[PDB]
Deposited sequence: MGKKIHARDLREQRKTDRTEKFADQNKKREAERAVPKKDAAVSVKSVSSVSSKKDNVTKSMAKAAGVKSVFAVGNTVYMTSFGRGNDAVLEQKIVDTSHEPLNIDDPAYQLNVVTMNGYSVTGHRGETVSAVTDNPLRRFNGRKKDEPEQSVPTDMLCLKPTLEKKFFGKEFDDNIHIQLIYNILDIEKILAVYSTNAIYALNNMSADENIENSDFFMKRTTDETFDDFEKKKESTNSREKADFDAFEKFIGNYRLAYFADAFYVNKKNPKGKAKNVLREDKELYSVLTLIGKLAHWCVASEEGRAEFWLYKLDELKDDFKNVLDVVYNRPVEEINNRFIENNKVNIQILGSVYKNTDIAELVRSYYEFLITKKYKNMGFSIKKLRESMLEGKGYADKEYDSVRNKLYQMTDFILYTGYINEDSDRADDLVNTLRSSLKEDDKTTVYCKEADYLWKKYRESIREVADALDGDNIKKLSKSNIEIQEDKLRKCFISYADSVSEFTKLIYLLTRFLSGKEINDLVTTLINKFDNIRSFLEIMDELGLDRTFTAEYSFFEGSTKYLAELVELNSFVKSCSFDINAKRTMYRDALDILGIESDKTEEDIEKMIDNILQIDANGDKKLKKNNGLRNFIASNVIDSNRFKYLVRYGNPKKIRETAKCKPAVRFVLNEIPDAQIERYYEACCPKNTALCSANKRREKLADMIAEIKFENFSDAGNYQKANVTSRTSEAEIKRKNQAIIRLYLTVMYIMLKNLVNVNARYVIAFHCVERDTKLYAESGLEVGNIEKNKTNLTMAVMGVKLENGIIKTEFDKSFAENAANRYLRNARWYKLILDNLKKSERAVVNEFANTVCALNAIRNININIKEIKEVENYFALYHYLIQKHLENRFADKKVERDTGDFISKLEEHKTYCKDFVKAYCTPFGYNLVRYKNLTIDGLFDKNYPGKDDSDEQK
């Protein structure tokens, strides 16, 4: 649960050399430091405004007392006495991988004698553990635009590298090699693909406006640049290529020129056509003010609208105007085509209220709101304040409202601008020249993934570049060494990368479809749904032609031909699934009932009661299985009369829930796969780390378990392990995880029964995503799925035994395929056998092999 230290105000307890600093929470997540402690003699910094006083300063515990919030007193622990409790009891603590000195020399110049540096090293390593989950399912989406309906095992995107340009990859067209030629033919297949129009914000250039493809010069410049990033988050790539993203200024002329255009077209759409796109709105606001100048009006309207600097004021204007407009004249039925613009002009006029005129009323209001004894005062603090405020603005928003009828907005929208402002151009969100190549690269990463996880990419990169900056204002405040090595100096600019990415968070939206892609989006509807036609592929797009017949002039009374052109093309959930899953594969993925019936457990109770009532004319256990076997056998007509029409209505009303079960299932089986992408990156990362720590590891591309042996001193000698157990190995392991005997023991037990060859397949199964990229074959017999750890591993234990269906395997592994198939669930002992390569890191090894310990949200029970 809670930790009473950080509830008492102690941020972190740094230890340098002999003394022990101790920090606290600044404004936000920057660190002010409270007091150093040389032993039992504390010198307090930060004299005025203390965050906590210290009571009993022992040799081991630092009992503090804090007065932020309700005043709690907690005891912290001496970092110098860590690992030295029962033995001279004063030393700096190394990290539990016992790789702290190598990590310090590798990023900075030399070793150190603190732990302020190594808490910063584990936040520079950490932006691979949160960028391999958002760069894998952005390359899973691109691998499902092949639509191969087969065993898919290609390697197109991880083959890509920015070591070559386009013009020499162009020379692989007429190439002579039997594998280089196929890759350009794999590229010819991909630029001639029509499903690139799904990602039109990064593949289409605006040139009314008729946007078309990029050149082959630049489509290669996105697929390579998004392909190198996925290959960098899965593997080692010794040399400068390991330091790839940390020097993105080393890219060629092409890749900056594609980052400088994929970033400009949303930032020039929002600046170069701002007054044009708000011309109907600025002219209202000029008419209601008439005393300010319109050049600074569109400045303070721009800070209100999109930049959103000064919009946070501690009181919700979106609730404030509604207590103002409760029961007033603007709740009519006529204003409903106006409330898009009426409610944001009304909101803006209050925003200029609480800046220019009565800004002193706002601080009165915020201080009022922090004294809520109940909630009922809040609905009469605003309504009391709106009772004042409508007396001020009722003439003004009437002048707005009568100027917003059905035809004034037509005649206002046809005027010439002639506003010619340069006070506005100061506060523009800046273009692609004064923003870095990192921000432009993780911009282009957010052009391939959904809106729930743009907001988790470019806010966990707000946080990590702010928890790197805050350490660089402690060890720079304490005079410690800070200069990174010159081949790694990316993070001096983490003060401005925090400033670029906050600017990036202000305007990123989802990757917009284009208009002229209905015809290929409609084709990828009927094979999600299984409405296949017996005619050939070159003779069914004319069906797609004559139903759409362009944007939409669909025929009248055409039945299900134009049902699935009106609703399920323009629906939200379909736009998520066809950018994500394989189109012509995920109907027969949905045919397994117990995988589906699992997935709508964590689909909410208010969600299923919308669809149970849409299909049945009552308990949520048996309500869910009533329509889990309706999503599975969905049925549509091929390409009495009451029953055969009402079964269509119960198949057309489940079509949104079907289309979101196959999204949540087909996503969460690669958020689980990205746990093993992290692990197989953090094994090839620790190979070049432990090999420089004087630990003779050896090769790892032949055998992935070589690190977790060479950490624990065990070796093969004739093809298997004949170095069995005693006590003296556990004291000589090169890791603080493998010190204790039983955790050394059972990893040694599991390592002796895991062959080399099945791990090398499990290597390029989680990295090229082949466990789920052809999921429909691998899921065909489930007896029961209880959690996504089980559903992932049965999908990965079949893919082994699908390939080890002819090859010779030894008896220890060959038990597990029999244990896989005498049941139909996954084999809980086989799942720990090939998960060993990342078994040197014990807490990664336990949390990635037993469900219950796997998931943050779903805690369970250990194995023992």
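- If you line the structure up with the deposited chain, the stretches without a C-alpha atom are 1-57, 145-147, 268-272, 616-619, 687-691, 714-725, 951-954.
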